[PDB]
Amino acid sequence: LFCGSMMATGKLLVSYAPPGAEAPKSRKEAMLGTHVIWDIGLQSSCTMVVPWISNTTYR
Amino acid sequence: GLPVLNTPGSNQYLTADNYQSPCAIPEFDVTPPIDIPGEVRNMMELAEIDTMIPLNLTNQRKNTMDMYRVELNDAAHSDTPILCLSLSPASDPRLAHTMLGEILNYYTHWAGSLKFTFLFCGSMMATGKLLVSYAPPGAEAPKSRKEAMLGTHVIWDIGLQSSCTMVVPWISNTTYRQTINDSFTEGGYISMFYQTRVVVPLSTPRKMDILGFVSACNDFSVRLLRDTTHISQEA
Amino acid sequence: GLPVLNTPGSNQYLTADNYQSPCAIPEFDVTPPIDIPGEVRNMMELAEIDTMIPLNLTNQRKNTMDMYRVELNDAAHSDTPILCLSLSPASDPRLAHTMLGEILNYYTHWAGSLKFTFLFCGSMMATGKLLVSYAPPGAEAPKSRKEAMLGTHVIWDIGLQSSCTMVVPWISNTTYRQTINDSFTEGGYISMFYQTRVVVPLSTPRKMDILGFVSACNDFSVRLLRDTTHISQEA
Amino acid sequence: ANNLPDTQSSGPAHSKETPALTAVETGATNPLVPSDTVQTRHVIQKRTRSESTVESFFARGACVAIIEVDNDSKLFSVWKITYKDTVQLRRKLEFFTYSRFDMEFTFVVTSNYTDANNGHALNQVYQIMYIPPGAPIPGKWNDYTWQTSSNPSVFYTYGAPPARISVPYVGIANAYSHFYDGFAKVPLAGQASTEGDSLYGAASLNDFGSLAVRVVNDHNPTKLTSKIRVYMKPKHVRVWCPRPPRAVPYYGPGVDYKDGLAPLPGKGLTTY
Amino acid sequence: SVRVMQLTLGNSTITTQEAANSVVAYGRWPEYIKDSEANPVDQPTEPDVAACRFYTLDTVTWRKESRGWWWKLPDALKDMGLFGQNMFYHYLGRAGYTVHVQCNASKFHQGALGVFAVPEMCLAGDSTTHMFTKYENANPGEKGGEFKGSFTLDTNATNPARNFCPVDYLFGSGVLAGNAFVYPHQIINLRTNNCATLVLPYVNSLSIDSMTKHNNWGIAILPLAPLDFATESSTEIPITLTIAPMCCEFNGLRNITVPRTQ
Amino acid sequence: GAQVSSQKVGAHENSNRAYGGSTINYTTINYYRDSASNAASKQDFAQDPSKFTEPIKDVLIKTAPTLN
Amino acid sequence: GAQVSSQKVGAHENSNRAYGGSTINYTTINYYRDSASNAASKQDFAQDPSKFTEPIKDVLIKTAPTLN
Amino acid sequence: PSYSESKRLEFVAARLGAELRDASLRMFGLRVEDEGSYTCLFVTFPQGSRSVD
C-alpha cells in the first residue's frame, strides 16, 4: 500500500527469485525472476503472487 | 511479308512509355515473396499520416529541434497572433518539408482538404483556450483575433484530450491548385490566437510548448508527376 | 499498309533472346533419332551424382592422385581435426572442381542441401569410430572435437558398410547463396575428428586412406546462368 | 488508384461528441473530414488517386549511369551495377525500406569526333555484356570473355532506336533492402583487428555484378568517345515500410551526411 | 480503459495506470514462421517462456539538456538471460518484441518524449570514409547510444573513432526528425501518460536472419518538448526501458559465438 | 490470348464512339514467356492507411474521447 | 494457329491482372514451315536421375543395409 | 578484409575505409607452397572490373 500524498508518483519493481542462485542485490538480477512492475496511481495497492515453485511436495 | 507503314513517333524513346521488351535472364527461378508488414499501395496513404511541422523557422531556431517548438506563456490576454502561415502546402517553407509537402513536390497539382493537429505540452496544472483559424484568400490576412474569428475557426479548450484538430476544408475556385507559390491558385491563411489566456498556479512553469502536425484528408489527391527541387547533385 | 510504331529495343541483338528466324536449308530430310542410353534433361541430375573430392591439396599432393587420399592411422586418440573445409561449394578449392562445383560455376546462385560420403579403404581387420561435423557460420571454426560435437554431426562406426554419409542441411538466412566467397552468404565449416581411434591387430597396415565424395540433395537448385572462370583462351 | 468519397452535407451541432479533440500521444492520426468541424454541402467527388499509386510514382525511366568508352585500356569500360550513382531515382526508392519489382533498362548511346577537322570512322557497334558476380571480367577489349557463351550480351548498332531489355526480380532475399542495419561479418573475440572487419550497412561485396561495354569495330587512330546512358524503370512494383525522404545531400552509398546540414530557410513565426 | 493495462509474459508482469493505448506496428502482431515461408530446414528451438519475458535494460536520466537516446534490437538484449544464450548459440534467429518505455513525473512537470520504432535504423557515421563505423561501436548493447545536437567530423587519422554521429534534428540519418512519425510510435507527454507501449512484429526481407550481423529494429527516443519543472533549472527524471522478445525461434545450432568487444 | 480492357475517357469527342463501343476499349497481347517482359497493366488497387494512420491496439471512435 | 500459354509470374504488380486473366498468359504463332525456324518453347520436362545415381541391378533401400 | 581459406595469409591495406588499392599481401608459412602463379584483380564503377595476372 502506497501511503504518500496524491501528488506523488512512481514505478517500483517487486521481485521473487526461486532458490539456488545468488540473492539479487541489484534491479538487474531481480528483474530476471518473477516480478511485477507497480505503477502508482488511483489504485493505491499492488499484489505480487509468489507461485508455488518447489522440488518437494511440501516445505 | 505483311505490308506495314511506319507512323511518326517510330524509333523514339518516350521516357514514360509502357511497352514490352525481351527478358535478358530467361527461365530465372524468382524468389517468392513473403508477407512483410507495412506494405504501401498508394503514395497518398503516406500523406494522411500526421507529420510534425517546423513552425518556428526563426534564425536561432531553424534547422534545430527548436524549429518544431512554438512557445506559449501565461501572460494577460492579447489579440496578436501566436503564429501565421499561408496555405501553400508544397511551397511555404514551414509546410514544404513535412511528409505531405515532400510528396506534393513530386506532383504539379493538388486538391483536397487538410487538417492541422496541435499538441499542448504544458503541465497538467496549466489551462487555457486558443482560437485556431483559416481564412480563404482574397481579403487582408488576419492580424487580430477579431478578423480571424470571421473565418473558419475552432476554439480549443485545453484539458484531458491534449490535442485539437482544425480541418481546412477544400474551398477553391479551380478544380486543382498548383504546388508552387502562385496567386491565381492561392489558398489562404492559417493563424492562432489566445481566446482567454494560459493560466497556471504557483510552482508551475509559466511557459510551455505546443507542437503542430499536418496530414491530408480522405478527399485529397495530386496529379502530374514532376521532379522535386528538394534533391540535387553537383558534378 | 498496316500502321506500325517502332518501340525502343528495335534492331538490337540480345544474346539471350528467343525469336524465330528463316531456315537456310528448307525441306531438309532430318535423320530421325534413336534411343541412345543415358539421356539428360536437367543439369541438376549431374550435380546429384557422387564425385570424389580432392581433399589433400598440400604442395606435394595437389595435382596428383594423392590429392584425393586422406590418410588415417592407429595412433592414440587425439582431439585435433583430420580435415577442415568451408561450405563454399563453388569457391573452396577442394569443392570448386568436383562435378558439383563445376556446374555451380556456370550459375550465380545456389540453394539446397548437400551430402558428404566417406569411404574407408583400410583392411578388414581395421576398426574405428569417427565424428563428421558441420557448423553453421557465425562462431569460431571448430578446432577440437569438443566444439565440433556441438553442431550437426554423424558418428561413423566402421565395419561392413564401408561408407558413411553426412547430410549438410540447408540452414541459411538468404533464400539463395552466391557462388563466390562472400561473408554475407557464408555457409559454415565441415570437419572430421577421431571419436575413439583406429585400431588394427598385428601384421596389419597401421595407416590407411579414406576417400570423400560430394553430391547435391533433391532440394538443390541454382539460378542466373553466368560464365565460368574454369576455362580461358589466350590470343 | 481509385475514387475519393463524396462530401455529405452537414448541418450545425451541439453535442457531447467532440471529434475536434483528440490525443496524439496514442500514435494515431485524427481521421477528420470537413463535415466534422464545419457545415458542408453535398459534393459528388470525381477526383481519383490514379497517378499516385506506387506503380505510377515509379513508372518513369531514370538515369542511373553514364558509361564512357574511348575508341581512342579505355577501349572498354566496366560499370558496377547500382542505383546510388545518381540521386533522383535513389531518393524516390528510399521512401520505402524494401521493394520488389522487375526492371526495364533502356540504353541511349551517343558518340562524336573529338577533333573538329580530323579522323573518320565507319558506323560503330557496341557490346554491352552483363557479368554476373563470379564470371570472368574482361582484361582487354578483345579477350576471350567477350564470347558471352553464357553471359547475356546486347549488341547495339549506332543510330538505331535505344536498346531495351527486361530483368526479373533477381534478389537472393524475398525483397530488395534499401537499408541494411548490419554487417556481412561478425568480428570474433581473439581475432586480429584486421580480421572480421566489414563495412556498415553492406551486404555482398558484389551484389549484382557489373556491365562491360566496348566498341566491337577495330579501332582507328581517330579520336572518338562514346557514352552509354543507362535508364532504368521499375515495373510490377511492391514496396514496404515507408520512411521520411532524404533532407540533406547524399554523402556516399550510406546514410552518411556532411555538407548541406541546414536545409530549411528562415521565416518569421508570425509572417504569412 | 485506454489508460489502465497489465501485460504478462512468462514470469513477468507490467502494470500501468496512465497509458495512452498501445501501438501494434503496421497492425501486425508477432508470429512464428509458417511452413510456406520457411527457409532453413532444420528443427527450430523455441525457448518460449525462458526467452519471451520482460527484461529491464539500464535506466537513463532525462535532463533539460538531453538530446535523445537510441538502441538496436536484438542487440540491446544480447546479454539478457536465456534469450542471449540462444542468440549466440544459433546461426539464425527471429523474434518480435513488446517495448515498454517508463517515465513518471508529477502534475507540475512538462515535457514530451517521442518514442519511435524504426525498421533498418541505419545511423550516420563520424568520418569522411563511408560506412566506416565499426561493429563494436554500432552494437553498444543494453546501454545503447545518444543523439547529438550537431555533426562533428572525426579528424584523428591515426586513431579514427569509427563511431556514429547521429544529429537529432536529422534523425541521425539525414532526414528531418519531424517526419519520423511515419514510423510506429507513441508520445510520452508528461501531462497525459506514464509510458509508451509498442508491439513489434518481425520485419525483414527474409523470414529469418543472423541476429549478430543484423539489427532489425531501432528504438529512438527524442525530447520533442524539453523537460521543465516548477522553477528548478535542476530537474532529472529517469526513463526505464523494458523489452520482451516474442515468438523466438532459432535455427542452425553449433558452438557459441563470442563477438569481439570495445 | 488478347486482353480487352476499357479506358477511362477524359476529353470526349463529339461522337457516340467517345461514350461507348470498342472505341473506348484497348487491346493487349503478351508476346513473351517471361512475366518480366510484360508491360505494367496499371489497373492497380488501393488499401486502408490504417496500418500507418491508426496502428492502435484498442480501436477508438473520433466522436468518442481518445483518452478514456 | 495461335498457342496460348501462361506465364509464371515472379514480381506481382498491385493489380488483379497480376494474378489472373489473359494478363498472365502469352501468345505464340509459328510463321515458318520448318520446325528449325521455331523458337524454343521452354516448357521443358525433367526426369529421374536414377540411371546415373543408382545404375544398380538389384534395387536397394537407403534404410536397409546396402551390402547384404 | 575477408580471408578466403588459405590460413597462412597476412593482408595489409588501409581497409574498412578506403584508399584505394596499392595493397600488400603476405604468405607465411613457412613451407614452399610455390608456383604456379598469383593474380591481382580489382573492381570499379567506371571500367575496371579487371586487372592483370
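Observations on the model:
Note that the chains are named A, B, C, D, E, F, G and H in the order they appear, and that numbering of residues resets to 1 at the start of each chain.
Everything below uses one rule, namely that a contact is a pair of C-beta atoms (placed from the backbone, for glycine too) under 8 Å apart; a residue touches a chain by one contact, two chains touch by 3 or more.
Taking the definition of touch as given, a chain qualifies here only if it contacts subunit B and subunit H alike; those chains are C, D, E.
Fewest steps needed to get from subunit C to subunit G, stepping only to touching chains, is 1.
Same interface as C-G, judged by over half of the contact pairs sharing residue numbers, among the pairs B-G or B-F: B-F.
Seen from the Cα centre of subunit G, the chain whose own Cα centre is farthest off is A. Just count the C-beta contacts per chain pair and the biggest one is B-D.
Centroids of subunit G and subunit H (each the mean of its C-alpha atoms) stand 43 Å apart. The geometric centre of subunit C is 37 Å away from that of subunit D, both derived from CA atoms.
Averaged Cα coordinates give subunit A a centre that lies 54 Å from the centre of subunit D. For the pair subunit A and subunit C, the distance between mean C-alpha positions equals 57 Å. Counting partners per residue, subunit G has 8, 10-14, 18, 42 as the residues that reach two or more other chains.
Shared contact sites, meaning residues of subunit A that touch two or more other chains, are absent. Multi-chain contact residues, meaning those touching two or more other chains, occur in subunit D at positions 1, 18-19, 21-32, 36, 49, 53-56, 59, 97-98, 100, 102, 106, 131, 152, 154, 160-162, 164-175, 184-186, 188, 190, 197-199, 205-206, 235-236, 238, 241-242, 244-247, 261, 263. Contact annotation for chain pairs lists A-E, B-C, B-D, B-E, B-F, B-G, C-D, C-E, C-G, C-H, D-E, D-F, D-G, D-H, E-F, E-H, F-G, with touch applied as defined.
Interface residues of subunit H facing subunit D in the complex, by the touch rule stated above, are 1-3, 11-12, 15-16, 41, 43-52. Taken together, the subunit D residues at the contact with subunit E in this complex read 23-28, 97-98, 171, 173-191, 196-202, 241-248, 250-258, 261, 263.
The touching residues of subunit H, counted against subunit E in their complex, run 16-18. Against subunit E, in their complex, subunit A makes its touches with residues 7-11, 13, 27-28, 31-43, 46. Residue ranges of subunit E in contact with subunit D, taken from their complex: 2, 20-21, 23, 26, 72, 119-125, 128, 130-136, 138, 151, 153, 167, 170-171, 173-176, 179-180, 182-189, 192-193, 196, 198, 203, 205-207, 210, 212-216, 218, 257-261.
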